[PDB]
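Heads up, the chain below is alone and in the form deposited in one PDB entry; it's given as structure tokens.
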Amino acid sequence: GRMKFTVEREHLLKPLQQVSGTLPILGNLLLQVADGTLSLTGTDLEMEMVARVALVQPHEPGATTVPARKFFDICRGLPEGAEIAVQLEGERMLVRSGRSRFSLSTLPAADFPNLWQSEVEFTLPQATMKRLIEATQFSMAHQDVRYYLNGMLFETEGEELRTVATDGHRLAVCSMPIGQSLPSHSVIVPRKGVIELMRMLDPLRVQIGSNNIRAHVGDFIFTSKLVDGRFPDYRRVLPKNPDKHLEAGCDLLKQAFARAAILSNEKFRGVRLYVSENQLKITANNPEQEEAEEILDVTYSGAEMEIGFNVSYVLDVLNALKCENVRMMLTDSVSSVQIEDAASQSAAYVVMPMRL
């Protein structure tokens, strides 16, 4: 006999949805029945997602590949509570439920691609991984010719896991304690791998390999290739001795930049900051000679200074911080700023100014 199983819709649905997230067989899921378990695997040849579903009902071992989006859409479209029977009939997979029948094309399991050497392993809460990624994801490059910038650095150091992302105009770094003594390792996860890892974080075990990373979450296993290349060292990017410290409420500062942005140049998005004793003035103008001005009370006792920024990059940081008060650490008008939560040093943001 060939592969056969019967499974409740609600046992199949979420696993199918997650693995279903080019070439014909790469649009298929590998389905394998073995030892009381249905395994479902999806891949794009660089990363892979595997789900395991316990089989409560009688089944027969075997394997096939079947179109992933069609099979998911069929199962989702069946009524709540439906039992779904699957068997193989020649070159098709027959799906039956109630008086519904679906015959899907298959390709042989033996033709489905398969990937491994592990080097560091640790466990951490899903919320911690999510914080690390959300703190830095927005600063990754998009289609930069420097391929290693299109992803995210994951680094272990001491008892901490760290993420770094940069596109050359801004950088984000976030570190969190893991409570385990870790070897030093730093790998680049491609953008699409970062996105897939986030989709799973609904503890987590991570294995970092030579050329791949693997995440175990519940009954799922995700694997991604790593990016070659030398990622920038964030320690060299942080401003060395930023002597001028401004503190402001995060909501009020963000709201002010967001209003000023309305009258900034649509292409270049430049705003001007004038810092003076306990005061920040933000101005914007555009080619139509329209002008915005915002004045805010802040905590600041340094020299007066004027510095320009792409307001989108500033708003991106303030939206990622989600805190009560922010600290901006300045040096001069042609040097980057460091921005951080006034109450936490777990994340830091570096933004290059524009020339005025």
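Each form is matched to the other, and the largest set of C-alpha atoms that superpose within 1.5 Å is called the rigid core. From 1 onward, residues are counted along the sequence shown.
Form deposited in another entry: not shown, discussed below.
Point to revise | Core-fitted Cα difference of 2 Å or more between this form and the one not shown, single residue among 45, 54, 303, 34 | key: Residue with a C-alpha shift of 2 Å or more: 303.
Review point. After superposition on the rigid core, does the Cα atom of residue 249 shift by at least 2 Å between this form and the one not shown?
Key: Residue 249: C-alpha displaced by 2 Å or more between this form and the one not shown.
Check your understanding: Aligning on the rigid core, do we see the C-alpha of residue 66 shift 2 angstroms or more between this form and the one not shown?
Key -> The answer is no, as the C-alpha of residue 66 shifts between this form and the one not shown by less than 2 Å after core alignment.
**Study point:** Post core alignment: residue 277 C-alpha displaced by 2 Å or more between this form and the one not shown
**Key:** Residue 277: C-alpha displaced by 2 Å or more between this form and the one not shown.
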